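Trainee: What follows is a structure written as structure tokens; I'll ask about it next.
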Amino acid sequence: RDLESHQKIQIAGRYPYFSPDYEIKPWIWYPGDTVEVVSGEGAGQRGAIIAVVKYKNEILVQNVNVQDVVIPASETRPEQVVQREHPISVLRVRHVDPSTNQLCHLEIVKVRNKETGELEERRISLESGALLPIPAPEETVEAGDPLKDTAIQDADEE
Amino acid sequence: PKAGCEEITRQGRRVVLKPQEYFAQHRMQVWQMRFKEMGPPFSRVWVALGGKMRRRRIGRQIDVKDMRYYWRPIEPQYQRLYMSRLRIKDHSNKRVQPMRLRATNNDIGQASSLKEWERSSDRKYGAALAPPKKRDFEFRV
Amino acid sequence: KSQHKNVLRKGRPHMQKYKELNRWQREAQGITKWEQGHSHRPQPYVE
Amino acid sequence: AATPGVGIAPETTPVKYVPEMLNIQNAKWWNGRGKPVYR
Amino acid sequence: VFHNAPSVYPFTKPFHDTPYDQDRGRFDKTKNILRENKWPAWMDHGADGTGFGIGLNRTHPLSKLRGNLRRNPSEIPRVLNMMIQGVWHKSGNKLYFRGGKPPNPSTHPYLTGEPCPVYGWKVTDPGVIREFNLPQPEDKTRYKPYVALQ
Amino acid sequence: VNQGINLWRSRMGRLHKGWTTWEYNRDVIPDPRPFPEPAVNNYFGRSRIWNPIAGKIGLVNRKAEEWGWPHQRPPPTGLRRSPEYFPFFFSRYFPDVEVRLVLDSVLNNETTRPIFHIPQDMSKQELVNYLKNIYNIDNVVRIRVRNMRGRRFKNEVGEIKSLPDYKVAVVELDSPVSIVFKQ
Amino acid sequence: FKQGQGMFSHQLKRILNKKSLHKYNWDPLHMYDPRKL
Amino acid sequence: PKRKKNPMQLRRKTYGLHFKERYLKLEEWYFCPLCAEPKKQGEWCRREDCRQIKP
Amino acid sequence: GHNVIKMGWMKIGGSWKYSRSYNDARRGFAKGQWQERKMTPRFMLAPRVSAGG
RNA sequence: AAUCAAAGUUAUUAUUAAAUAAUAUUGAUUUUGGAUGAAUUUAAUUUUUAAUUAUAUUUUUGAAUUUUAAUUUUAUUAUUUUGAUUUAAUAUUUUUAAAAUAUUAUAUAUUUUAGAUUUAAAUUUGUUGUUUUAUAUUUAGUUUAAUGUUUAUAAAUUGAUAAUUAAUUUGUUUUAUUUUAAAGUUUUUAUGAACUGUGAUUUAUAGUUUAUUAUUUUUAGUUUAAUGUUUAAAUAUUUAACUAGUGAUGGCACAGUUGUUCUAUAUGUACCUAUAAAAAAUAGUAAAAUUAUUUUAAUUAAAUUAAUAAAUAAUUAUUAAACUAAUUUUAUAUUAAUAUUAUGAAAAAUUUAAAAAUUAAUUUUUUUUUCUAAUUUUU
RNA sequence: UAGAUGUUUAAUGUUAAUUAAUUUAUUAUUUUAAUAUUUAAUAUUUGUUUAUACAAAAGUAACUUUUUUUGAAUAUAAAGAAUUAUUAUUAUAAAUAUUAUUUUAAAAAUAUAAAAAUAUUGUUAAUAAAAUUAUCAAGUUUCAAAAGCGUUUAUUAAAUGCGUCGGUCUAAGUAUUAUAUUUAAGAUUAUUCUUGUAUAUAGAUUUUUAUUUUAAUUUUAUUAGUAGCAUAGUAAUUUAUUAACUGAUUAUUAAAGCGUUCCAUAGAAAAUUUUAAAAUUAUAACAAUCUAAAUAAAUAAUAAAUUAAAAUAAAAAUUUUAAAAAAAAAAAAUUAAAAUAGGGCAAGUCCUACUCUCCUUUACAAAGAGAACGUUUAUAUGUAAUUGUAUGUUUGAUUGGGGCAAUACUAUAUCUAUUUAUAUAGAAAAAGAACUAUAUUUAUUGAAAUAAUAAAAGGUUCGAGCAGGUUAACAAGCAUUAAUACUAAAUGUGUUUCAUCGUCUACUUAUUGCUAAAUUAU
Ligand SMILES: [Mg+2]
Ligand SMILES: [Zn+2]
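Protein chains in written order, with the UniProt record's numbering: chain S, 108 to 265; chain F, 10 to 150; chain Y, 10 to 56; chain B, 11 to 49; chain H, 11 to 160; chain X, 53 to 235; chain C, 15 to 51; chain D, 29 to 83; chain Z, 109 to 161.
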């Protein structure tokens with residue numbers, strides 16, 4: 108059967124990112140970019156974005172909302188209490204121009220690239236036209252299973 | 010969720026506009042034949058004929074076999090009873106007069122004198138009370 | 010009789026008979042209850 | 011066990027008593043299963 | 011609507027009461043005649059006294075064998091009475107369903123063949139018994155489950 | 053209807069006093085007081101029953117993946133009755149089975165009766181064929197097969213998330229097998 | 015003393031609402047076989 | 029009961045020496061020299077010292 | 109207010125000891141029923157004249 | 001001993017409801033058939049999932065009613081892409097949960113004791129608080145339009161033709177509403193023969209009296225009695241009686257103006273008034289109710305009639321009226337128009353009647369601003 | 001003070017153009033629905049000790065890994081009374097398991113009775129069919145009334161059942177047969193006479209009685225008869241008993257038994273006689289099990305109480321009030337200790353019944369088809385027909401318009417008589433006219449208890465009435481009101497009544513009530 112009403116919507120309250128399109132319109136915030144919190148807590152705290160979890164529109168803004176972490180450890184290693192910057196929302200964070208250093212609105216544009224024709228969706232400020240590209244992710248260096256991988260030259264044999 | 014929280018989620022019959030009555034219903038015909046209402050404004054007798062004028066005549070008094078012939082008023086205690094069914098047309102409107110017994114000539118057209126009937130050529134200016142319509146000599150059903 | 014011991018019931022209970030199944034076969038078919046069109050008669054047995 | 015409620019008519023006149031004979035209202039929206047067949 | 015019969019008012023109304031009569035409907039009771047059933051006899055009453063063959067025998071499309079797992083509206087009333095009631099054979103042992111977790115006729119392995127008295131089953135069709143026949147690559151060109159990276 | 057002659061007319065030889073079928077005349081169907089519950093099997097006990105009644109959609113959802121249904125015309129019924137029909141061809145050559153082995157009976161304790169789990173629709177003689185031709189197992193004299201209601205539980209949210217059901221098949225190998233675990 | 019209040023009477027009142035498949039099987043012309051014409 | 033009782037009816041309950049003596053009486057006690065636990069007189073422990081010489 | 113007959117105009121929430129016939133003149137006049145319960149209605153006493161009226 | 005008047009704040013969590021909108025619609029919640037089909041069939045000239053701009057006619061005299069509106073022309077069966085719009089509604093759960101004044105031989109809370117008492121509503125048909133409802137808290141709880149500003153105009157009459165010196169208003173057409181709760185019923189079709197009827201269904205698991213296979217009977221579940229009396233039970237405990245069924249708790253079979261009946265108007269799923277379903281039946285004709293303090297003109301009546309009270313007078317009421325001799329320089333509620341579910345008058349004065357009261361009678365028929373003053377005294 | 005001679009809301013309350021103290025004043029004495037109390041210091045609850053079968057329905061709150069077979073497949077512990085409750089679910093089979101849920105220091109009642117002298121029915125409507133017992137658990141007899149042995153929702157001269165008999169049936173069942181009934185077997189007998197249904201019938205009705213149905217009012221012969229027998233009654237006699245409203249006998253005009261009567265008659269219900277354990281009167285006589293407290297925490301009911309007592313008057317009522325004047329646990333006198341039955345009236349509906357009311361009606365008859373059979377008509381209207389009426393007022397009669405009775409009139413008391421019967425269809429077509437209705441005049445028959453009912457009030461049993469006991473004082477059919485029958489048992493009470501001074505009889509018949517009459521004397 109279904110739940111008790113405020114626990115019915117507690118199920119909506121606890122996991123609000125399960126509704127589709129809870130992820131915002133084409134992504135604008137990536138790791139490391141210039142950012143500061145304007146609303147909520149500590150207005151005017153300039154930080155770099157450490158890590159981003161997308162599906163829920165959440166970001167680890169460094170040096171802001173650093174929440175004391177209760178790290179759980181085994182008998183092997185002794186636990187520690189070190190604080191980490193807690194996943195903080197983005198609806199209350201904006202961008203400061205890496206050059207101008209003032210609160211800028213960062214939005215997408217399509218730009219014909221130079222020597223390549225991707226027309227990749229490029230972020231641009233609405234005041235400075237700061238052409239900020241989308242950062243390219245990294246292929247993990249130490250990835251790969253040694254004993255259970257068919258080699259590409261051995262797996263692409265047409 | 011509020012009115013009954015389960016009686017209003019599962020659905021029963023929904024009610025709609027309720028049709029009206031024949032809004033000259035209360036000029037019933039046991040007056041449109043028995044009486045006739047005479048009089049100037051603000052005094053309308055309902056004059057009615059004699060009581061004993063068809064049943065037993067032989068032997069009744071000589072000068073009372075004729076009191077049955079005059080258009081006597083009906084006593085006002087009944088005027089107000091019968092004319093009560095006619096007042097109800099728009100109550101609480103202290104300045105509309107009661108419906109009349111017979112249909113006065115100007116109100117019959119008052120129905121078709123309305124801004125919505127101006128496009129019904131038939132049934133306008135009196136077509137019911139008109140003489141019977143004349144048709145093509147070939148008219149046939 | 011003023012005493013219904015109600016223990017003479019309860020012995021050799023009847024099958025469950027799940028009458029919702031025949032109630033369903035009616036709707037899962039065009040026919041209503043087979044109104045006295047048949048209504049029935051006891052059919053013979055092989056014995 | 012069942013009942014037609016109409017009562018089996020003579021084998022010669024197979025239909026007496028249509029439900030319309032009684033001024034019955036059987037709109038599909040009123041009692042549901044209504045709409046007759048002789049129609 | 012009792013009179014959906016061939017209209018014959020002064021003559022005798024053939025069959026009138028019999029098994030095969032008209033004016034009784036189509037999806038009626040009184041159709042014991044129609045005992046002809048595609049499912050083999052032995053799977054609706056066991057091949058022997060112990061009700062051996064009894065059950066619901068799903069079958070593979072290709073297999074010519076016929077099983078009694080029907081889903082026609084006329085046949086589900088008995089296919090549930092197998093899954094929830096089960097059969098109490100007249101020999102004393104309860105058949106196809108005897109305990110708690112009611113079987114899933116549609117997740118049975120397919121009927122492979124009619125039972126025989128001498129052995130158990132004449133395996134009438136083996137084309138229903140899958141024999142996974144993938145060659146084991148021990149000769150050359152080794153293939154791990156998933157591929158390498160750039 | 054309520055008053056007047058139409059009230060008394062019931063005495064004046066009128067059985068059926070009609071209900072006012074001009075008032076509710078908003079024509080949208082009510083629903084009966086013995087209201088039906090939806091077709092979803094609410095139960096998640098061990099006596100959960102398979103619904104035999106065939107649903108319309110389940111056929112349509114079958115076609116659209118068998119052959120592009122609204123767009124690609126059907127394969128001729130001869131091919132569909134043939135072992136060369138793709139889902140009969142994707143099966144005869146690319147089986148899809150999950151014969152998972154339970155280790156709690158084949159761990160450090162030696163066993164002659166290692167237990168498996170096989171999909172509910174793998175009969176005995178197929179489990180033989182399977183281990184024989186895929187895992188080289190060549191010594192299986194008797195297999196012993198149950199059927200278990202898939203595990204059930206309540207997730208932290210609260211919906212009863214019952215896993216699929218399976219089929220314990222305690223095979224009985226000749227020479228016992230074992231697994232070592234060095235700590 | 016009715017019987018069977020249990021779960022099978024709790025499914026068989028919920029799963030049987032499932033609408034069976036419908037195919038307009040139109041009447042078979044038994045006596046007038048059309049293909050033998 | 030053909031009437032509900034106001035508190036002044038429920039309160040008369042607490043005046044007789046039946047309520048008082050049943051609920052509202054403190055028990056006379058003292059410290060068992062052997063067990064150091066509070067104790068009434070005439071009652072002892074399940075213990076050799078407490079059982080041979082009544083503390 | 110409730111213009112109860114035979115008793116002025118009463119307030120709402122007032123006393124309904126005397127509205128025995130206001131609760132009975134709110135239902136409305138009998139519909140389809142002779143207004144005159146006894147005494148041979150004055151219409152029936154007078155004679156039909158001029159068959160149409 | 002006895003009283004003693006007494007605590008208004010949880011704390012903490014977020015995108016449903018309802019109407020509306022005139023674009024889709026072969027039956028929502030696994031994978032027909034899986035023999036090869038015969039088994040997955042709902043269709044017919046009637047107010048129908050089709051929903052219609054008048055007051056005149058005409059009519060069993062009395063619940064019956066008005067005809068294309070522009071001929072495919074738009075009144076038409078409806079949502080995603082503004083948390084889809086709008087306006088009305090607003091929560092539901094988790095855990096919150098508090099408090100210090102009046103005697104000392106007794107009527108009822110005021111500090112200064114004494115004075116003080118219908119609890120209300122109805123019902124009172126003045127058989128005049130007439131034996132009815134209410135434990136308390138909070139929430140929810142009942143629909144007659146209090147208004148007429150310039151285009152603009154109405155108004156009668158015969159039975160009928162007609163006649164209209166016959167004298168005269170108003171109105172840019174005013175309509176819609178009509179209490180609330182409550183039956184037994186009543187009709188319209190769907191479900192039920194697991195209880196119980198009857199149909200059918202079992203061909204020999206204990207005792208015994210008698211010559212007898214018939215027949216007395218062991219007889220622990222059942223014609224009685226106690227207990228129980230919201231009980232361990234919406235029928236159980238103990239117990240009396242009875243008990244001999246080759247003819248019967250039982251395959252499936254009969255269903256509601258009807259089945260069944262060794263017939264009792266009995267039963268056909270724990271009140272047979274079947275259940276289930278769909279209505280707005282009636283209930284003003286002594287049922288229960290009908291929500292807003294501080295106001296600003298009074299009263300009773302009692303007759304014609306009733307296959308016995310919805311109707312009439314008279315009263316009351318809402319709205320409105322004009323100053324005819326009589327007097328003082330007194331004093332005067334008279335009316336019109338509508339609204340109106342009523343038959344019976346304390347103490348007298350008398351009058352019918354075995355009244356043993358009823359009946360006639362006809363004058364009564366109480367709503368206190370506060371401080372104060374006063375002429376009628378349980379001598 | 002304060003407009004005035006008493007019943008139709010006051011609102012720019014964030015300027016519904018709001019923006020940090022709006023301090024919102026507006027809240028229905030009952031209704032349901034949700035909570036909370038009272039009953040409740042409680043009613044229930046309470047876990048100390050152990051006599052074995054296996055099926056199927058039924059469940060699935062359900063854990064899992066465990067070694068089923070040599071079958072493919074398939075599935076093996078758990079119900080129903082709302083519950084973990086009264087509760088062996090008896091499909092089978094078996095017979096020695098040291099299988100294992102029951103608080104506790106008392107006497108009242110009460111459920112209950114071990115034990116125990118007399119007495120034996122005097123108790124009571126009535127003793128005797130009334131648990132178990134190792135003290136081994138059983139009354140005998142007579143008479144009168146009474147059939148079959150099956151079967152029943154208030155459990156039986158209920159209804160079955162065999163035979164006989166009446167009727168029907170030779171193109172679906174065997175006419176010593178099977179339908180359709182009435183009776184009841186067995187044994188005696190089964191009487192007199194017909195006005196209607198039925199049959200037969202002849203265009204039909206109308207007529208019309210071989211047998212059958214129903215009838216016999218003085219049928220009344222046989223036969224039993226104060227009897228389940230309309231009153232009269234306790235029938236009058238006889239017994240029987242101390243006492244005979246018992247019961248049995250004789251006969252015998254029995255309010256109107258009667259031939260399907262009567263006899264015969266067995267376990268039944270009575271009446272004797274008699275015996276007898278239930279603790280039957282006398283009669284009272286705890287051995288047993290059923291604490292408090294500690295714990296868990298329900299129910300009816302609930303306007304309030306500081307009054308409640310008590311006495312007295314009352315006035316409409318039973319008294320309850322008003323007034324005066326006082327002054328913890330058992331029991332059931334009062335509050336409503338009760339439920340719910342018992343009335344009767346009103347409007348409403350229900351259900352059944354028949355010479356008179358009326359349809360849907362399937363039968364009978366006519367006609368039409370060269371009548372090949374189905375339909376349609378016409379005339380008919382059936383209780384087979386399920387519609388509606390069957391009153392109102394005073395109590396059972398009356399219904400009209402007058403008059404006399406103080407220009408009062410309940411029907412009071414008396415009488416009169418062209419005092420007139422309005423409308424609508426028909427009838428009379430000029431001005432003139434007929435018919436009929438509770439005579440103000442709306443409807444289309446008359447009857448029932450149907451276990452009648454639902455929504456209401458209101459009485460049979462009374463602070464006041466009425467008619468039939470030696471004539472007259474008295475049982476007691478209408479003005480109130482959950483008081484919810486008479487009597488008995490038990491248990492009280494205030495009176496009042498001659499000289500101390502006064503009020504305890506027990507029985508028989510019937511349980512009606514109160515007498516009769518037996519015990520000396522009552
Ligand atoms: Mg409220
Ligand atoms: Zn100690």
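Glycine included, each C-beta is placed from N, C-alpha and C at the ideal position.
To which residues of the same chain is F62 (chain H) closer than 7 Å at the C-beta, ignoring the five residues directly before and after it?
Mentor: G56, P125
Trainee: Counting C-beta neighbours from all protein chains within 10 Å, is the total for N103 (chain X) 16 or more, i.e. buried, or is it exposed?
Mentor: buried
Trainee: What are the residues of the segment 65-94 of chain H that lie near chain X, defined by any Cβ-Cβ distance shorter than 7 Å?
Mentor: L72, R81, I86, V89, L90, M93, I94
Trainee: Closest Cβ-Cβ distance between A155 (chain S) and chain H: below 8 Å?
Mentor: no
Trainee: Quick check: what's the CA-CA separation for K125 (chain Z) versus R134 (chain Z)?
Mentor: 16 Å
Trainee: Please list the terminal residues of the continuous alpha helix (DSSP H) segment that includes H46 (chain D).
Mentor: 45-50
Trainee: Is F62 (chain H) helix, strand or coil by DSSP?
Mentor: coil
Trainee: When DSSP builds the beta bridges, which residues end up paired with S196 (chain S)?
Mentor: The partner list for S196 (chain S) (beta bridge, DSSP) reads S:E165.
Trainee: Counting only beta-carbon separations shorter than 8 Å, does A243 (chain S) have a partner in chain H?
Mentor: no
Trainee: Comparing C-alpha positions only, which one of X:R196, X:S175, X:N185 sits nearest to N67 (chain H)?
Mentor: Of X:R196, X:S175, X:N185, the residue nearest in Cα terms is X:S175.
Trainee: Kindly indicate the opening and closing residues of the beta strand (DSSP E) around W55 (chain F).
Mentor: 54-57
Trainee: Of all residues in the structure, which have a C-beta closer than 7 Å to any heavy atom of ligand 2, taken in chain order?
Mentor: D:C60, D:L62, D:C63, D:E65, D:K67, D:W72, D:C73, D:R75, D:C78, D:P83
Trainee: I'd like to know whether the C-beta of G65 (chain X) is nearer than 8 Å to at least one C-beta of chain B.
Mentor: So, not an interface residue.
Trainee: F12 (chain H) and residue 134 (chain Y) - do their beta-carbons sit closer together than 8 Å?
Mentor: Any question about residue 134 (chain Y) goes unanswered here, given that chain Y covers just 10 to 56.
Trainee: Report the partner residues of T257 (chain S) according to the DSSP bridge assignment.
Mentor: H:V157
Trainee: Check distances from the C-beta atoms of the segment 109-137 of chain H to those of chain B and list, in chain order, the residues that come in under 8 Å.
Mentor: none
Trainee: What does DSSP give as the partner residues of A250 (chain S) in its beta bridges?
Mentor: According to DSSP, which records beta bridges pairwise, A250 (chain S) is partnered with nothing at all.
Trainee: Are the beta-carbon atoms of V192 (chain X) and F168 (chain X) separated by less than 8 Å?
Mentor: no
Trainee: At the level of alpha carbons, what is the spacing between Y182 (chain X) and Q260 (chain S)?
Mentor: Between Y182 (chain X) and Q260 (chain S), the C-alpha separation is close to 32 Å.
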